[PDB]
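A closer look at the structure
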Amino acid sequence: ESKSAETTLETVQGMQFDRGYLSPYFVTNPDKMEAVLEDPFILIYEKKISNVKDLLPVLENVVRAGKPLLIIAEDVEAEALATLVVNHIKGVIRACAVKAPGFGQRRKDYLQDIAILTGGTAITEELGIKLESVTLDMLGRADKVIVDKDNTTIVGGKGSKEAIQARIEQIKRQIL
Amino acid sequence: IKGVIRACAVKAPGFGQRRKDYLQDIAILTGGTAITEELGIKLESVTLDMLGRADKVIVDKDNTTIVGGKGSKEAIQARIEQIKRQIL
Amino acid sequence: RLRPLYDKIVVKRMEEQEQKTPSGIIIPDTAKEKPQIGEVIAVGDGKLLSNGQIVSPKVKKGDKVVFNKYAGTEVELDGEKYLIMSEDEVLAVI
Amino acid sequence: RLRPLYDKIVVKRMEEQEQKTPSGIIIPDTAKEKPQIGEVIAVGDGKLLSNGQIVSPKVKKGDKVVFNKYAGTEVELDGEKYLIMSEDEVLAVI
Amino acid sequence: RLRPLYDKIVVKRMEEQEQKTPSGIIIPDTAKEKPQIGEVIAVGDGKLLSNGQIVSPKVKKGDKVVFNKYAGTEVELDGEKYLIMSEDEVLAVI
Amino acid sequence: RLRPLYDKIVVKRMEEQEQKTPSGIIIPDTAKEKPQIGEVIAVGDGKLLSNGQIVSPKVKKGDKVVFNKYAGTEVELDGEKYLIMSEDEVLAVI
Amino acid sequence: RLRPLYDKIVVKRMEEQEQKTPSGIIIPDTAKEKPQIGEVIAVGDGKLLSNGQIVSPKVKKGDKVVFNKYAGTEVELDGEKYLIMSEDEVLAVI
């Protein structure tokens, strides 16, 4: 149902979900409250990030890379959020943080599908990899990402072509 | 009371999320900084530079009002455009 | 100013203000921790022994000292903050 | 007045009353803290040793002494308040 | 750089990284434990005695040391991590 | 392999595996308890004294030793398990 | 069997079995308490001193010893139960 008397068609493309905008300072387009990152890195991680010491090493590698970084997790909490926003405000890095979509078992279902088309790794709990052990190789690559109050969307990624039809092929068989 | 300084203290408006929404709008037109939790600045670390400037303020049992401030003109026009675009 | 007794040592802390990594990452003061290093201000006579002998203190004047994070007690005099601690809590110098 | 034994030293607290910063800001007594410094009135014979020797105390008469915040026990005599403490918890002088 | 006093020994840990069994089974880092062995970096003067003598330390430079799991305190300087520990909690060498 | 310092004693436990009574009753390993006896592997220099003298250790190489149930700390090296303990926790030999 | 080290003493308990009063009243084993007396089996070299001297132990072989109720540690070997302790826990003899 539309909020006005006119009927409109809205089309979105890519892997988009209903999270985003952890802090108001993650703004790159003050005209629209949209945080757009050019060639950004994404971080797939399935638990909360609150410890500063585990949070530091990932940006230590990403500041060397120089590309923007965007966080997907349950929550970037308190001190970990505090160092991220302050670092971004100083202008040394371009970063943003969003919540991961879904609730309950949807965490594993959605994060895996997010990571498959980005060319990176999910860094799930089963893999047994700590925050300090991450590097550029397992972080996926994307072209553009847009973050606002509710909508976070990705345009493309480094995911291999043959992987996404296989995920598509896996799903239609999973329909039954 | 001793007369060395002249000061007053009031509560921040709103409840729940309204504190973040209101204090930022209070700070934007005063020319200062909100000194929010995200900025990670302790109370002892504050100085005169991030404290905003105002012309007059009146405080009573219920009403506290500010006449003007040091906020930049182009910032509020962005905010009103943002709010108008946020209306939808 | 203050005159230490026996093994008491005066330490002036670091005051490193903003903390940054060698790669340039800035850490806010909330995530910061109390410094474990300091500057020696004054040294006492030395550690007394059970036989009455007093051994000269190992630390000298002007050398930077790194100590335990929980060690030391804050003392305020003439507007200046000083950290006092005994030798057994002193870890290393320079 | 009172005669300490061995390593006991008697300290008269500061009683600074009104607390103010060097900038003139006045702190109410509710927010105040007990003074950590005091004045020595009497000193005992000195620290006894395991071999029977008694070493002369380091502190003297009339010198201002800074001590631990928790150190000391309150004793009341002749309408006057005195703080007693041993040498091991004495921090520094002047 | 770091100069210990008396019976302090500087230990650089193993950082063995990937843990594997002799049979080839690989253990993830989340199932790992902090290493109990390390490399001695610097050694202080030695254990002070009650008679004022200082005995030469048993550990030397360049020897690998195995210690208690909970022993040691972390210190950060010049971008490097060093583990300081005293002799009494040092277990064995090689 | 490992070289103990001072009063450290290396003990290799029993590994008796199956537990049985003299009458033939077999006890499962769940009902078993950690052995209190072991074999000495290496001995350190000896107990140090307050005067600097080091007394020769009472235990020797290759003697079976019974110790306290809670005594000892586990150390892992080249795939072999060794139990280290000090002399004061050593109970008896043979 | 055991060879006690220094101040260790091997004690064989009473095993008085059926407890009865001099008046003939019989107490069941549930209401009984562990015996506080025992029989000395083996004695170590003696109490080591801070100067390196070893003093001859006061207890001898075959002396009937009464000890503290909580004192002692159990050691099992060749199907026989033996109780060990140190001299300071030994209360009295005969």
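Residues numbered from 1 in each chain as written, not as in the entry; some residues may be left out. Chains lettered and ligands numbered in written order. Part of a larger assembly, values for the part shown. Heavy atoms only, no water.

cryo-EM is the method the PDB entry states for this structure, with the resolution given as 2.6 Å.

Comments concerning the overall build of chain C
The secondary structure content of chain C amounts to zero helices and 11 strands. In chain C, the succession of α and β elements from N to C terminus is β-β-β-β-β-β-β-β-β-β-β. In terms of its C-alpha atoms, chain C occupies a principal-axis envelope of roughly 55 × 30 × 20 Å. Within chain C, buried positions represent 44% of all 94 residues. Counting contacts in chain C only where the partners sit at least 6 residues apart, residues at least 24 apart contribute 62% of the total. Here chain C displays about 4,900 Å² of accessible surface, and carbon together with sulfur accounts for 52% of that area. A distance of 3 Å separates the average location of the 15 positive side-chain charges in chain C from that of its 16 negative side-chain charges. (Helix = DSSP H or I, 4+ residues; strand = E, 2+ residues; numbered from the N terminus. Buried < 20%, exposed > 50% of the residue type's maximum accessible area, 1.4 Å probe, protein only. Contact = heavy atoms within 4.5 Å. Areas by Shrake-Rupley, 256 points an atom, 1.4 Å probe, with all protein chains shown as cover. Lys, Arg positive; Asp, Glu negative; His and termini not counted. Charge placed at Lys NZ, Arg CZ, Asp CG, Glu CD.)

What about the overall build of chain A?
Of the regular secondary structure elements, chain A holds four helices and six strands. Starting at the N terminus and walking to the C terminus, you meet the elements of chain A as β-β-α-β-α-β-α-β-β-α. For chain A, whose C-alpha radius of gyration is 17 Å, the value lies close to the compact-globule estimate of 16 Å for 176 residues. Principal axes of the C-alpha set define a box for chain A whose edges measure 45 × 40 × 30 Å. Relative to its 176 residues, chain A shows a buried fraction of 43%. The long-range fraction of contacts in chain A, counting pairs at least 24 apart against all pairs at least 6 apart in sequence, stands at 79%. With an accessible surface of roughly 9,800 Å², chain A has 52% of that area assigned to carbon and sulfur atoms. (Rg over C-alpha atoms; globule rule 2.2 N^0.38 Å.)

A closer look at the interface of chain B and chain A
Contacts between chain B and chain A engage six residues on the former and nine residues on the latter. Approximately 710 Å² of surface area, both sides summed, lies buried where chain B meets chain A, with 55% of it carried by carbon and sulfur atoms. Looking at the side of chain B facing chain A, the largest losses of area belong to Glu38, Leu39 and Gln82 of chain B, adding up to 66% of the total buried there. Linking chain B with chain A are zero salt bridges. A breakdown of the residues in the side of chain B that touches chain A according to their chemical character gives one nonpolar, three polar and two charged. (Buried area = accessible area lost by both parts, 1.4 Å probe. Salt bridge = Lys/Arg side-chain N within 4 Å of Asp/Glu carboxyl O. Nonpolar A, V, L, I, M, F, W, Y, C, P; charged D, E, K, R; others polar.)

Looking at the pairing of strand β9 (residues 80–86) of chain D
All names here are of chain D. Sheet topology note: the strand β1 (residues 8–13)/β9 ladder contains four bridges and is antiparallel. Counterpart to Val11 in the pairing with β9 is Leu83. Pairing geometry for strand β8 (residues 73–77) and β9, over five bridges, is antiparallel. Directly across from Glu74, in β9, lies its bridge partner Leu83. (Pairing = 2+ DSSP bridges.)

Considering the interface of chain F and chain G
Every contact between the two is made by 17 residues of chain F and, on the other side, 15 residues of chain G. When chain F packs against chain G, the two sides together hide about 1,400 Å² of surface, and 60% of this comes from carbon and sulfur. Linking chain F with chain G are one salt bridge. Only β8 (64–67) and β11 (90–93) of chain F provide two or more residues apiece to the side of chain F that touches chain G. With four residues, β11 of chain F is the single largest residue contributor to the side of chain F that touches chain G.

Considering the side chain of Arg13 of chain G
All names here are of chain G. One can find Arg13 in strand β2 (residues 8–13). Of the side chains with opposite charge, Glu74 comes closest to the buried, unpaired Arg13, at an N-O distance of 6.1 Å. A polar side-chain atom of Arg13 sits 2.6 Å from the main-chain carbonyl oxygen of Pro35. With near-sequence residues (within four places) excluded, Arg13 lies in contact with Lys34, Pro35, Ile37, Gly38, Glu39, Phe67, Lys81 and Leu83. (Polar contact = N/O pair within 3.5 Å; in protein donor to acceptor, adjacent residues only side chain to side chain.)

Looking at the sheet that holds strand β11 (residues 90–93) of chain C
An order of β9(C)-β10(C)-β2(C)-β5(C)-β8(C)-β11(C)-β1(E) is seen for the seven strands of this open sheet, with the pairing classed as antiparallel. Lying at the two open borders of the sheet, with one neighbouring strand each, are β9 (73–77) of chain C together with β1 (3–4) of chain E. Where strand β5 (residues 37–43) of chain C lies against strand β8 (residues 64–67) of chain C, three bridges are found, and the strand directions are antiparallel. Paired with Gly38 of chain C across the strands is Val65 of chain C, a residue of β8 of chain C.

Quick notes on the relation of the copies chain F and chain G
When chain F is brought onto chain G, the operation consists of a screw motion whose angular component is 52 degrees and whose axial shift is 0.0 Å, with 0.2 Å RMSD remaining. Comparing interface residues between copies, only 6% of those in chain F also sit at the interface in chain G, which points to a heterologous contact through distinct surfaces. (Least-squares fit on C-alpha atoms.)

Considerations on helix α3 (residues 106–116) of chain A
Residue and element names in this part refer to chain A. For α3, the full list of buried residues reads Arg107, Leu111, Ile114 and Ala115. Taken around the axis of α3, the buried residues stretch over an arc of 90 degrees, which confines them to a single face. Looking at the packing, one finds that the buried side of α3 touches β2 (41–44) and β3 (69–73). (Arc of directions from axis to C-beta.)

Remarks on the environment of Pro57 of chain G
Residue and element names in this part refer to chain G. Mapped onto the elements of the fold, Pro57 is located in the loop between β7 (54–55) and β8 (64–67). Sequence separation between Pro57 and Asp7 is 50 residues; the distance between their C-alpha atoms is 7.2 Å. Dropping the residues within four chain positions of it, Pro57 is found in contact with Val43, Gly44, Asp45 and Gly46.

Overview of unusual backbone geometry
Most peptide bonds take the trans form, and the phi angle of most residues other than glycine is negative. Phi is positive for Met33 of chain A, which is not a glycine, with a value near 55 degrees. As for its placement among the helices and strands, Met33 of chain A is situated in the segment before β1 (35–38).

Side note on the pairing of strand β7 (residues 64–67) of chain D
Judged from the three bridges that link them, β7 of chain D and strand β10 (residues 90–93) of chain D form a sheet pairing that is antiparallel. Each residue of the ladder has a partner; that of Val65 of chain D, found in β10 of chain D, is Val93 of chain D.

With respect to the packing of aromatic side chains
How two aromatic rings sit relative to each other is given by the distance of their centres and the angle of their planes. The final tally for this structure, using the stated rule, is zero aromatic pairs over all chains. The residue whose ring lies beneath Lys58 of chain D is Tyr6 of chain C, and the NZ or CZ to ring-centre distance is 5.2 Å. (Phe/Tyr/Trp six-rings, centres within 6.5 Å; stacked < 30°, edge-to-face > 60°. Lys NZ or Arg CZ within 6 Å of the ring centre and 35° of its normal.)

A short note on the nonpolar core
Residue and element names in this part refer to chain A. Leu43, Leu59 and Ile72 are the most contacted members of the largest nonpolar core, which totals 50 residues. Here this core takes six residues from helix α1 (residues 52–65), the largest share from any one element. Sequence-distant contacts of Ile72, defined by excluding residues within four places in its chain, comprise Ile42, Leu43, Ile44, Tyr45, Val98, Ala100 and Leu111. (Core = buried A, V, L, I, M, F, W, Y, C linked by side-chain atoms within 4.5 Å.)

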